[PDB]
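>
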Amino acid sequence: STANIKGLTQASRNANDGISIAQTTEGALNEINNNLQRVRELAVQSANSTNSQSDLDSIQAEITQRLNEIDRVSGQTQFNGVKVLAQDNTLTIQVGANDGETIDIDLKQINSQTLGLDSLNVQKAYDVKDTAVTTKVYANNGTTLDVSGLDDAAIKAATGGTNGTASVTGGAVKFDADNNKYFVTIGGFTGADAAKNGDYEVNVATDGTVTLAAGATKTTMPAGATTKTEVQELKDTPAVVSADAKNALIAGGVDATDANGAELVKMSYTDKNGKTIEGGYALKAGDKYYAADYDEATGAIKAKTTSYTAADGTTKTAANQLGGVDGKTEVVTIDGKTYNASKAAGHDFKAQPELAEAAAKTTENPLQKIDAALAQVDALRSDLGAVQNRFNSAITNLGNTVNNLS
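Residue numbering for the sequence shown follows the authors' numbering, starting at 54 and increasing by one per position.
#1: Excluding the five sequence neighbours on either side, which residues of its own chain have a C-beta within less than 8 Å of the C-beta of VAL137, listed in chain order?
#2: Considering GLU94, what are the terminal residues of the alpha helix (DSSP H) in which it resides?
#3: Going by DSSP, name the residue or residues bridged to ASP180.
#4: Does the beta-carbon of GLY377 have 16 or more other beta-carbons within 10 angstroms, so that it is buried, or is it exposed?
#5: Say whether the stretch 201–218 touches the stretch 449–456, bearing in mind that this needs 3 or more beta-carbon pairs closer than 8 Å, one atom from each stretch.
#6: Within its chain, find whatever has a CB closer than 7 Å to the CB of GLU115; leave out the 5 residues flanking it on each side and keep chain order.
#7: Could you say which of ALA372, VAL294, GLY223 lies nearest to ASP348 if we only look at CA atoms?
#8: Pop quiz: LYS189 and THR415 are said to be a contact at Cβ under 8 Å. What is the actual Cβ separation, rounded to whole angstroms?
#9: Secondary structure at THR155, three-state DSSP: helix, strand or coil?
#10: Going by DSSP, what residue range makes up the beta strand (DSSP E) through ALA211?
#11: Name the DSSP beta bridge partners of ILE387, please?
#12: Any chance the stretch 277–293 sits against the stretch 188–203, with 3 or more Cβ pairs inside 8 Å?
#13: Using DSSP with H/G/I as helix, E/B as strand and the rest coil, what is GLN374?
#14: Whole angstroms are fine: how far does the CA of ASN393 sit from the CA of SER165?
#15: In the DSSP assignment, find the unbroken beta strand (DSSP E) run with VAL284 in it and report its ends.
#16: Quick one: Cα of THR273 to Cα of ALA266, how far?
#17: Please name the residue in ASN88, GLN429, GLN140, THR184 whose C-alpha comes closest to that of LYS337.
#18: So, using beta-carbon positions, are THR218 and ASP205 closer together than 8 Å?
#19: Hey, how far is the Cα of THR359 from the Cα of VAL257?
#20: Just checking my contact of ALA344 with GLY333 at CB under 8 Å: how many whole Å lie between their CB atoms?
#21: Taking the straight line between their C-alpha atoms, what separation do you get for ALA245 and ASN216?
#22: Hey, out of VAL455, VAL440, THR259, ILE239, whose CA is closest to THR143's CA?
#23: Between which two residues does the alpha helix (DSSP H) holding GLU122 run?
#24: The alpha helix (DSSP H) with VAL440 in it runs from where to where?
#25: State buried or exposed for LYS328, treating a residue as buried only when at least 16 other CB atoms are found within 10 Å of its CB.
#26: If you count every other CB in all the chains shown that lies within 10 Å of the CB of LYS59, and 16 or more means buried, which is it?
#27: At what residues does the beta strand (DSSP E) containing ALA298 begin and finish?
#28: Taking 6 Å as the limit between beta carbons, can you name the residues of its chain near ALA230, skipping five residues before and five after?
#29: Leaving out the 5 sequence neighbours to the left and right, which residues in its chain are closer than 7 Å to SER99 when beta-carbon positions are compared?
#30: Which value, in whole angstroms, describes the spacing of the CA atoms of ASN88 and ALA411?
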């Protein structure tokens, strides 16, 4: 009789834990349901051709936030340490005084993947274009600097000296990039004209022709000066892609030949109506675009890459390609599968072989899919409510049995 009384009484405390498990799980499933209803409403809103890709991009961002919130609740909700929505798990609770007098609680893994929505996407592809990044650098042209005319008579005519035989020292000319100027050193004057020996600015015709202007007077050769033998002229030069940028791409799985011929570009994205907006910078290798940072002031280029632990256990990196459904999403390709860069970061494919792949296209019949998920959640909520009634009825029956024994 004592065994029974103490056993039934403890069995009743056990039943209360079943009820707690059930309420903790229901609470969380209620929150998941709220997030799913918002997702459904957002899908209805996206099914409107008046929406621009910018609009859809905004709706998608919010859908992704809701889905992530669902994965948060699913992964962290707990009762005495049990992650009730994290795995399929049949919990058995003894509700009688003897072995086997139990009620099972069938917990199920409920997350965006098991609900069939981790690839849910309402975006549309942008028309992707690019513009080569250049710089302005002074170069030449076969137009040599002709200073043969600036002879003794010409130098005398411009400076007013008469003593000695003056000449362009070394027949050399110096160039200042800062102001597209030219300079020469004059020597040879003697007597009181010796003071005219020094440096003078000269004018270069849109031809070799170098000349000294009347009234000319020696100045100070501008620092930064440098000898040029042909006419200087500014022409666009493709931004230089560094070895470490190329090597970062290769380390990141980009083909060696393609990476070696990488080109810095500025992205552009045009929508279905024809409107175009500028994107960020990227390294175009082969026919693919890999996101990159670019310091206009320095020319320093930094290839964006994602680090992670491969299935073989080692640490590797993947180049962040511009792709995904919209065409401007940072994705990575690892061992036969494509993932969103942000999701693969820090991931351990050895410890967790499974990671959701990036959406490859716009979702077809999204509402049918969101509705299926809502039905899965309602089905689990119903079952939990019924098992809650079974625990409650057990508590009632245990209470009476104990009453009569005592």
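Backbone N, C-alpha and C define an ideal beta-carbon position, used for all residues, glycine too.
Considering the structure as presented:
#1: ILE74, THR77, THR78, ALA81, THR130, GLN131, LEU160
#2: Run containing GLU94: 55–99, per the alpha helix (DSSP H) assignment.
#3: Beta bridge pairing from DSSP links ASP180 with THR323.
#4: buried
#5: no
#6: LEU95
#7: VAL294
#8: The Cβ separation is near 42 Å, so there is no contact.
#9: strand
#10: No beta strand (DSSP E) contains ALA211, which is instead part of the alpha helix (DSSP H) from 205–212.
#11: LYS390
#12: Taking a cut-off of 8 Å for Cβ pairs, the stretch 277–293 and the stretch 188–203 touch, as three or more such pairs fall below it.
#13: Note: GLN374 maps to strand in three-state DSSP.
#14: 15 Å
#15: First-last for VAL284: undefined, no H or E at that position.
#16: One C-alpha to the other measures close to 17 Å.
#17: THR184
#18: yes
#19: 53 Å
#20: 7 Å
#21: Spanning the alpha carbons of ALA245 and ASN216 requires a straight line of approximately 8 Å.
#22: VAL440
#23: 106–129
#24: Secondary structure note for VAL440: its alpha helix (DSSP H) is the uninterrupted segment 419–458.
#25: exposed
#26: exposed
#27: Per DSSP, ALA298 is not a residue of any beta strand (DSSP E); the alpha helix (DSSP H) it occupies stretches across 296–304.
#28: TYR191
#29: Closer than 7 Å at the Cβ level, and outside the excluded window around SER99, lie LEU109, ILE112, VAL175.
#30: 21 Å
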